[PDB]
Every structure is written in structure tokens, then in C-alpha cells.
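Peer 1:
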RNA sequence: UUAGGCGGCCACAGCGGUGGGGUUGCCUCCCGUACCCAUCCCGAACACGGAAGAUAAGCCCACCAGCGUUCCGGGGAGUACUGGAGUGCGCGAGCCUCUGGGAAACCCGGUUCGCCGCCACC
RNA sequence: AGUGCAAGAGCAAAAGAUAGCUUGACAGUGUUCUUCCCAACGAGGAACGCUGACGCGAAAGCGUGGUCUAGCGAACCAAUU
RNA sequence: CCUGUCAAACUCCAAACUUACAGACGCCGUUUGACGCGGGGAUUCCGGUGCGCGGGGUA
Ligand SMILES: [Cl-]
Ligand SMILES: [Cl-]
Ligand SMILES: [Mg+2]
Ligand SMILES: [Mg+2]
Ligand SMILES: [Mg+2]
Ligand SMILES: [Mg+2]
Ligand SMILES: [Mg+2]
Ligand SMILES: [Mg+2]
Ligand SMILES: [Mg+2]
Ligand SMILES: [Mg+2]
Ligand SMILES: [Mg+2]
Ligand code: NA
Ligand code: NA
Ligand code: NA
Ligand code: NA
Ligand code: NA
Ligand code: NA
């Protein structure tokens, strides 16, 4: 049963929601791989009327690239609880989000016969706290 | 009528019931008919091409040759003889 | 203007406010009268039944209702009874006020279409039918002949 | 098998109703025809229901009327037993009558005019403004009802 | 689901198995379809025709029944695909089928992919199919050379037990060679 | 069909939920990036290569009706409406009778948790 | 939601969005329907072909302008190929 | 949750009925030639009423 039920880290998105950049540079070093532009939608008063327009960058890290990052990110954060997803995720911070899920997630991300993950096989906030808390730190 | 375009007074006949909404199955768009076969004409709201003038919706003609992938169906409008260019997507075998 | 001009249901239903503007407000003050705080927990229930399909201008509704409830003060301003007028004047009415040229009239009021046998008014009372009298005065100010019907009440 | 009698004239009667009567071989008031009870014929009589009188006649009545008002496809000749025997499959009016009623043959099949040109009803009929159930003479009749009319028009 | 007005997609669209827009375009040719499908471990190739109550498969080949002819290697690779293509192509010919169009289902038209290998195979089997040569692998990769070289960077057998240690694109030739004459079910 | 591929009808198949299933064989998740190929950044996906592990997802099998849907019984209802006829009634609006058709809402009880085709396969 | 603009209709692995590429908004000639139900009548419009030349795509295929129904003009004379 | 009402430019529903084609019966046509084709000659393009269904209008 377990082993295929035990949580794991799938991507950590580090993005800097600026309002118009030079910031990529630091993201590249803090993570270790190229950042991506962040176009925006809708025309708005913050002199942000331009539809297609660089307004920040993000970086999606997977596998070691994600751990090796969290092995310094997490320490710079304290928070926990309430600040967690209903799906077992959590964002802290410049933003750093951690998407968590169990072994058979590809089923919902592949092209052929894809499907949504059953609520039972989903990751709960609690089952999430455990996994991470059980990895160099404390909850609440 | 306040206007005289082809679609005048076609709100009903060219609209789908909410559940039959969306792209239609390909099977009937590929159906093949032989010259002489009787076919009922009925536009499929979901299928843009291969259409005929809404006034013929409900007619039952006789396939008589085709043009490209489109069929040529002979019908009789009132007392006049007419040939309609129509695709399988808008035809059905009688009986 | 006379009821004769609008009391018949011979015109198409004309109620689409999305295509009609300048409709006059309704003169009907309230639809729920009496102790609306309480629910129909009364022994007796009398109803005023219209006997012919007709149109009833909000004019008549107001005068009919007032004359009935205004009288139901034989029981007191805070008496124990609840009065209800279940119809609302949906049908918009016009008047062609040029002669018969471009005659589609302009909105001049509203009327409610009642079919013969429907109850336009329903009152709830304890064995104390002063209400039967409140209606003799009500159907006095509406076009049709009417039937005063009692439902829960075998206390005759 | 039902006996059809046109009781109302053509003036003002729907065309599609008149044609129907015409398809049933009746082209004048008081003219009568015999019609099988089939789906196709049933629809026809129902459409004509308001300008006619119909019902299943008794063996006797039919015989009376056949004897009195039957005719050859052409000519004056009286259709009596002898005629019937020397011209039809049957041996006498009764035999023909039975065959019509049991819908085994038809007036044409036996060289007879599809139409029994009846006489006005002696004593007058019940009215052509109300159906039977209302005291008139229109619509489906009783076998006893049809017989009276047929007999009065013998 | 939600109400009377709710629109439920076709079963094969819910299952995310059939792309109906592509299907129609495919059926336009009026020719049989060369259904090229894959599995983590195998590769299937069918020649389907249109029918009154559904498709009719007139000829097929599965990477599994490849061994039935002397295959002693994995079956979820390039050389496997090609041969299964050729195998289904031959059975296809036998069935009287002369032409078809390539249906790759929900797979991607990546150059040198296994579905195109399947297409190459079926073509060489004699089947006439609308194609484009420079979207196909360069023969060597089809033979399984890319895998042999990959085992050159050995240190540990690429194949757990299986057959050979340095693998065999030669075993590939032996098989194609075999399928190109006589033998049962062909 | 002890798990498969391509479909037809396109909710009777949707939504939600329970239970069961892989010892060699199938589908998966799964493991992994030298290659073909790939991410406006990530072998996530796509693509390729592969079996150390698992049946927890998916998937297949058996089942539940609470919601949505399909059909049926009984009731609503031969009601509402209506094709044909009337020197029937009504100041009129309109109604009635005869004849030929015939509903919707809703309630109560069943049904429905897909059916079928072709191919492949201990 | 979006799809340029009325109103009604079509559309979800798209007819919408993004990116890239491209100029089929191509030349020639027809069939049919419409304009004008039935039922004669022009310009215009549309659907569907063919011939030729191209664009894209692995390919089937798609492109005879914009998802569909409005956005149009005779003879005489001029200018233009 | 409970409770009170509507729609010519609303529709989860839904008639009667109208209508395309086909078969059956009927009726009709093959010396009264129908269905149809070609041609000659018109008149006509102020209409009205009843009933059913309407739209406008106090009527
Ligand atoms: Cl047309
Ligand atoms: Cl596949
Ligand atoms: Mg309509
Ligand atoms: Mg004679
Ligand atoms: Mg006398
Ligand atoms: Mg009399
Ligand atoms: Mg399980
Ligand atoms: Mg277009
Ligand atoms: Mg001039
Ligand atoms: Mg010029
Ligand atoms: Mg009509
Ligand atoms: Na559709
Ligand atoms: Na004026
Ligand atoms: Na009165
Ligand atoms: Na960019
Ligand atoms: Na499982
Ligand atoms: Na034209």
C-alpha cells in the first residue's frame, strides 16, 4: 500500500512578481536555471495597460534542483499551518511555492487517457505537514 | 419578414437542443450514398459546411451523383424540380 | 379612463420589460397584510374567486385591496388575521393618445390577468369571518362577478 | 362493413371533404355506398363524419335496399335475384348481401354501380344539424338506427 | 451531470482516447487507417476500416507475438516498432489491403519516433502510405544502434539478464530478413 | 476482454461513493536521460531507453441511487390545448355538445451506476 | 469567456488563446442554390467542383478571406491590364 | 428553508396540426391520352363577406 502513497516534492516555483526584469539574474543564482518571463493580462491603472509585457519571472525546479533549493529556503521561513493548501501545498516568502503530491500524479498530467486524481488519493494539508515537518524543521 | 436573408426565421431549425450541443460525430459525416438512394435533408446546427438553404430542411430527395465530396440531391420544391449540393453531415438514409 | 378599455384578454401577452420602457409604477401598496409574521396557522381560510377571465388594472387591485383590508379593521390595526392578494399586474397596457397612423400606443399602465376560477384574494381568520364582508366590498371594485369561497371551515 | 349516406349538400363543405366523398363514390345527396371497415376507410368516413350517416346494416335491410336501388355498372336493368344469379357469383340477392356484409366482395367486383341512389326518407330524417346522440341524423348509427334510415329511403 | 442542460462529451473524449477532429480528417481519405499505438512495454499496429457498428480491424501486429518469430529482445523500442509495423503490414497485404493513412492517435509527430518507425515498417511490407521520408529515423537508429552504443557506456549491462550484454542490432536484421519470405501467419 | 487496441450509439454512459484484482503473462503507475525528440524555465509534459519496486492512483471487475439522466406503472388527466361539425347556451368576453387527436408540471412506486461492433489475447 | 460590428445561431484536445510560419484576400472556368418559396426576372451573394500555381502540415487534410446570415450598382463614356 | 406571481421578441418540456418521401386502399388515366412538353390567344394585378387563427386600435 504505502511507498506509492507517501508524499514527494513535485516542483518548487520561485517567482518575483515585479510590476515591469533585472531581477532574473538573482533568481538564476538562487535556483540554478534560467528564469521565465511573466506576461500580464488586462489593462490597469498601475500604468500596466500593456497586455503582452514582462512583469516578473518564475522558475520551476524539479527533483534535486528543488531539494537543493529548499535546503536553504525552508530555513529562511518559519510559518506553517493555515498557510497550507487544501491539497497539501504551501507558499512562503519573493515567492517560493511547493507543490506536493503522491506517486501516481502523472495520470493527470499526461496526454493519453489522462484523468483527475481521486479525492482519496489527494494529499491533505495534514498529510503534507507530516512529510515536510519530517524533513529538517517544525510545523506551526 | 422584416428582412430577407437565407437565415431569416431560422432560429429554431438551426439551433441545437443544449445536450446535442458541440461537435458532431464523424461517422455520419463520412457516410456514403449511392445514386438513387432516398435521403432526408436536415442541417446539423453543429456542422458549418456542406449546407443547403434552410428552406429545404425536411425535404427527402434522391441522390444523383456528387460534386467533390458533396452530394447532388434532387428534390421538388412545391412543383419545381431542384438540385441541392449537400454533404453527408446533413443527410440521412430514408427508412 | 374606463375599465372597458382594458378588461379583456384579447391582446398578446405584453410583459417583456427588456423591450418596454416607461412603465408606470404600481399603485398596489402591499400584498401581505395582517400578521405576516405568523404563517397560515388559522382555523378558517376564505378566498375571493374571480368568475371570468379578465384584466384587472393595478388601479382596481389597489382600490379592491384597500377597501377590504381598510375594513378588516373591524378586528384592529394589529388584529389576528393575514390577508393576501396573490396576483401581480404584469401585463403592460397602452393607449393611442396622427389618428390611426402609427397607432401603436404608449405605455399607460399595468394590469393583472386572472382566469375565471382563480382566487385573487385569500384571508386567514379564526371563527370570526368579518372577512366575508371585507370581500363583499372588494369584488365591488373589480370588473368581474365573484365567488366568496371558504376552504378550511366546517364550523358553520 | 358500413352503409354510407350523404345527407348534407356540397355547397360550403370543405373541398378536401368533398373529394373524399367523391372517392367513396358518392356525388349527390341521398346517395349511399357500402364501405369495408379498414383503417384506410375508417379515416375517410371520420373526415366525412359531419355530412353523412353511417353504420352497419342488417342482412335484411341491405337486401331490401339492394333489391330496390342497386344498378348495373351501366343501364336500367333491375338487380333482382335472377339478375344477381345470371350476372354474379352468387345465386340471389341474399347471397350477394351476405358477401358484401362479410366484406368478401364489392358492388363493382360484381358488375354493379358502387352507388345505391336512395330516395328521400319517407317521414323525414332527424335533422342534419345534430348527430345521433343529440337526436339528429348525422354520424355513426345503430344497426337498428341505420336500418330505419335505409328503410325509410328504400 | 449538473442539470438537464448539461453537455457530456462523447465517451471516447471523456476517456481521453479519441481525438475526434483528427479522426474525421483521417477518415476523409476513404482509405484504411494504419493505427499506430504504444505501451510502456509494447507497440501495436492495426489496419482499421470503417463499419456499420464500428471499426473493423482487417490486419494487426503486436510487439509481443514478435518473439513467435525469433525475437529475444525487449519490445518497447525502435527496432521492435518497425518490425511490428512490417509484420502487420505483411498480414495486411495478405488480407488484400493495398493502402492506408497513418493514424498516430494522441501521440506526437516527433521525427524518428516509434509511430513513424511503425509507418516505415508497414510501407516496406508493401503497403502504400502517404508519408515523408525525412521525418523517419536514419535506419541505424531503427536497427537499434542508438541502444548498442548506449550500452558501450556500459560498466553495467543495459539489459537485466535478458539476452546479450552489448545488445544486437544484428538480431534486428536477422528478424526483418525472416519476415521477408514464407513463414506462417504472413 | 485475470486488466488490451480501434470504435458505434453519444449521460441508460454524467456526478458522487463502497468493495475486489495482478506468483510467468497485459495495462499502468514506476526507474532513468547516451541517443531521435523536447520545455519562450524545468526528461513535469512531449520523446526516447528500461524493469528495482507497487496494485496506492489510473484501469478492469463486483456493487450503492443521494444528485443528474433514460424509460415504465399508477395518479394528475382523457384534465390543458386541439383538427371537423352544430338555427346548442351566453348582452358579451366566452362557453357547451357530437366526432377525431391528446399534453406539461408534480407526487408515489419501479428502471438506469451503460449497451453493442471489430481485432488481439491462458 | 472569446470569436471586429445588430440580432439570432455555431464553436472547447476549437471556430477561442499563445507562438511560429505563410499570403488561398491566387489566376482560369464551371455546377447549384439564392436574389425571385411555390413561379418568370438582372446586378449582387453563397455553397460545391474542376484546371493551373502556391502556403502550411508527418499525413489525412485544411486554405475559393474574416464562423454564419448586412457592408451593394446597368447601359453609354473614360482611365487601366 | 418557507412563501406569492409572469413572458410576442424565455424554454427542462410539449400537442392537436401542417409538411417531404415511400407503400397500401381509394379515385383517376391508357378510343374521354391522364402526368408532362412545346406554342397561339387572353382577361387580371380597386375586391368583399362568413368562420377559424391572428397583429394594430377605446372602438
Ligand atoms: Cl440550397
Ligand atoms: Cl498510443
Ligand atoms: Mg418560432
Ligand atoms: Mg348508370
Ligand atoms: Mg310529407
Ligand atoms: Mg328537420
Ligand atoms: Mg486497489
Ligand atoms: Mg468561411
Ligand atoms: Mg448616362
Ligand atoms: Mg480607371
Ligand atoms: Mg403553420
Ligand atoms: Na453536435
Ligand atoms: Na401625421
Ligand atoms: Na363586479
Ligand atoms: Na517572450
Ligand atoms: Na491499482
Ligand atoms: Na446570379
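Protein chains in written order, with this note's numbering: chain A, 1 to 140; chain B, 1 to 95; chain C, 1 to 156; chain D, 1 to 154; chain E, 1 to 186.
Here a beta-carbon is modelled for each residue, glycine too, at the ideal position from N, C-alpha and C.
1) Using only alpha-carbon positions, find the residue among 92/C, 146/C, 138/C and 3/C that is nearest to residue 115/C.
2) Are there 16 or more other CB atoms within 10 angstroms of the CB of residue 48/C, so buried, or fewer, so exposed?
3) In chain order, which beta strand (DSSP E) runs of at least 3 residues are fully inside the region 50-98 of chain D?
4) Is the beta carbon of residue 16/C closer than 9 Å to that of residue 55/C?
5) When we look at the beta-carbon of residue 90/B and count the other beta-carbons within 10 Å, is it buried (16 or more) or exposed?
6) Check this for me: beta carbons of residue 122/D and residue 97/D, under 9 Å apart or not?
7) Got a sec: does ligand 3 put a non-hydrogen atom nearer than 8 Å to the Cβ of residue 12/B?
8) Only counting the same chain, and skipping five residues up and downstream in sequence, which positions put a Cβ closer than 7 Å to that of residue 26/C?
9) Using a Cβ cut-off of 8 Å, pull out every chain A residue sitting near residue 187/E, in sequence order please.
10) CB residue 153/C to CB residue 43/C, shorter than 9 Å?
11) At 4 residues or longer, and completely inside the region 35-77 of chain C: list those alpha helix (DSSP H) runs for me, N to C.
12) Say the cut is 8 Å; is the CB of residue 184/E nearer than that to a heavy atom of ligand 1?
13) Would DSSP call residue 115/E helix, strand or coil?
14) Using a beta-carbon distance below 9 Å, is residue 9/E in contact with chain B?
15) Is the Cβ-Cβ distance between residue 88/E and residue 75/E less than 9 Å?
16) I'd like to confirm something about residue 72/D: is its beta-carbon nearer than 8 Å to some heavy atom of ligand 4, or not?
17) In this structure, how does DSSP classify residue 31/D when only helix, strand and coil are distinguished?
18) Using a beta-carbon distance below 9 Å, is residue 109/A in contact with chain E?
19) With 8 Å as the limit, tell me which residues of the region 106-133 of chain A have their beta carbon closer than that to any beta carbon of chain E; keep them in chain order.
20) Just jot down, in chain order, the residues whose CB lies closer than 7 Å to any heavy atom of ligand 2.
21) Check whether chain B comes within 9 Å of residue 28/E, counting only Cβ atoms and requiring the distance to be less than that.
22) Tell whether a beta-carbon distance below 9 Å holds between residue 65/A and residue 31/A.
23) DSSP three-state call for residue 140/E: helix, strand or coil?
24) Would you give the residue range spanned by the alpha helix (DSSP H) that residue 91/E belongs to?
25) So, is the C-beta of residue 108/E closer than 9 Å to a C-beta in chain A?
26) Run through DSSP, which three-state label would residue 150/C get?
27) Would you identify the three-state DSSP class for residue 119/A, choosing helix, strand or coil?
28) Roughly how many angstroms lie between the CA atoms of residue 32/E and residue 64/B, to the nearest whole one?
29) Name the chain E residues whose beta carbon is nearer than 8 Å to that of residue 21/B?
30) Please report the straight-line C-alpha distance between residue 62/D and residue 101/D, rounded to a whole angstrom.
31) Would you check if the distance between the CB atom of residue 121/E and the CB atom of residue 175/E is smaller than 9 Å?
32) Out of 88/B, 85/B and 59/B, which one is the CA nearest neighbour of residue 76/B?
33) Is the beta carbon of residue 37/A within less than 8 Å of some heavy atom of ligand 15?
34) Helix or strand or just coil, what does DSSP make of residue 119/C?
35) In whole angstroms, give me the CA-to-CA distance for residue 99/A and residue 60/A.
Peer 2: Put simply:
1) The count along the third chain starts at 1 and reaches residue 115/C at position 115. For the residues 92/C, 146/C, 138/C and 3/C, the minimum Cα distance to residue 115/C belongs to 146/C.
2) In the third chain, residue 48/C corresponds to position 48, counting from 1. Buried, since its Cβ has 16 or more Cβ neighbours within 10 Å.
3) 52-55
4) Numbered from 1 along the third chain, position 55 holds the residue referred to as residue 55/C. Numbered from 1 along the third chain, position 16 holds the residue referred to as residue 16/C. No, Cβ-Cβ distance for residue 55/C and residue 16/C is not below 9 Å.
5) Reading the second chain from its first residue, position 90 is the one you call residue 90/B. Residue 90/B comes out buried.
6) Taking the fourth chain and counting its residues from 1, one reaches residue 122/D at position 122. Taking the fourth chain and counting its residues from 1, one reaches residue 97/D at position 97. Their beta carbons are not under 9 Å apart, which means residue 122/D does not touch residue 97/D by this criterion.
7) The residue labelled residue 12/B in the question sits at position 12 within the second chain. Yes, since a heavy atom of ligand 3 falls inside the 8 Å radius drawn around the Cβ of residue 12/B.
8) Locating residue 26/C in the third chain gives position 26, where the first residue counts as 1. Within the same chain, residue 26/C has close Cβ partners 58, 89 and 110.
9) Because chain E is modelled from 1 through 186, residue 187/E falls outside the range shown and cannot be assessed.
10) Sequence index remark: in the third chain, residue 153/C carries index 153 (1-based). Sequence index remark: in the third chain, residue 43/C carries index 43 (1-based). Yes, these two residues count as a Cβ contact at 9 Å.
11) 58-69
12) The count along the fifth chain starts at 1 and reaches residue 184/E at position 184. Every heavy atom of ligand 1 is 8 Å or more from the Cβ of residue 184/E, so no.
13) Translated into positions along the fifth chain, residue 115/E becomes position 115. In the structure shown, residue 115/E sits in a helix (DSSP, three-state: H, G or I).
14) In the fifth chain, counting from the first residue as 1, residue 9/E sits at position 9. Answer yes: the Cβ-Cβ gap between residue 9/E and chain B drops below 9 Å somewhere.
15) Translated into positions along the fifth chain, residue 88/E becomes position 88. Translated into positions along the fifth chain, residue 75/E becomes position 75. In this structure, residue 75/E does not lie closer than 9 Å to residue 88/E by Cβ.
16) For this step, residue 72/D is matched to residue 72 along the fourth chain. Yes, the Cβ of residue 72/D comes within 8 Å of a heavy atom of ligand 4.
17) On the fourth chain, residue 31/D is found 31 positions in, with the first residue counted as 1. Strand, per DSSP.
18) Counting from one through the first chain, the residue named residue 109/A turns up at place 109. Cβ-Cβ to chain E under 9 Å: no for residue 109/A.
19) 111, 112, 113, 114 and 115
20) 112/A, 37/E, 38/E, 105/E, 106/E and 107/E
21) Walking along the fifth chain from the start, residue 28/E turns up at place 28. Cβ-Cβ to chain B under 9 Å: yes for residue 28/E.
22) Along the first chain, read from residue 1 onward, the residue named residue 65/A stands at position 65. Along the first chain, read from residue 1 onward, the residue named residue 31/A stands at position 31. In contact: residue 65/A and residue 31/A (Cβ atoms closer than 9 Å).
23) As a first step, residue 140/E must be located in the fifth chain, where it is residue number 140. Looking at residue 140/E - three-state DSSP - the assignment turns out to be helix.
24) In the fifth chain, counting from the first residue as 1, residue 91/E sits at position 91. Taken as a continuous stretch (DSSP letters only), the alpha helix (DSSP H) holding residue 91/E covers 78-94.
25) The count along the fifth chain starts at 1 and reaches residue 108/E at position 108. True, the Cβ-Cβ gap to chain A drops below 9 Å.
26) For this step, residue 150/C is matched to residue 150 along the third chain. Residue 150/C: strand per DSSP, three-state reduction.
27) Taking the first residue of the first chain as 1, we reach residue 119/A at position 119. DSSP places residue 119/A in helix when its eight states are reduced to three.
28) Counted from its first residue, the fifth chain places residue 32/E at position 32. Counted from its first residue, the second chain places residue 64/B at position 64. If I take the Cα positions, the gap works out to 26 Å.
29) As a first step, residue 21/B must be located in the second chain, where it is residue number 21. Within chain E, the residues near residue 21/B are 7.
30) Within the fourth chain, residue 62/D is the residue found at index 62, counting from 1. Within the fourth chain, residue 101/D is the residue found at index 101, counting from 1. Going by the C-alpha atoms only, they are around 9 Å apart.
31) Numbered from 1 along the fifth chain, position 121 holds the residue referred to as residue 121/E. Numbered from 1 along the fifth chain, position 175 holds the residue referred to as residue 175/E. Contact flag unset, no.
32) Mapped onto the second chain, residue 76/B falls at position 76. When each option's Cα is compared against that of residue 76/B, the closest is 59/B.
33) As a first step, residue 37/A is located in the first chain; it is residue number 37 there, counting from the start. Yes, ligand 15 has a heavy atom inside 8 Å of this Cβ.
34) For the purposes of this step, residue 119/C is taken as the residue at position 119 of the third chain. Looking at residue 119/C - three-state DSSP - the assignment turns out to be strand.
35) Position 99 of the first chain, counted from the first residue, corresponds to residue 99/A. Position 60 of the first chain, counted from the first residue, corresponds to residue 60/A. If I take the Cα positions, the gap works out to 10 Å.
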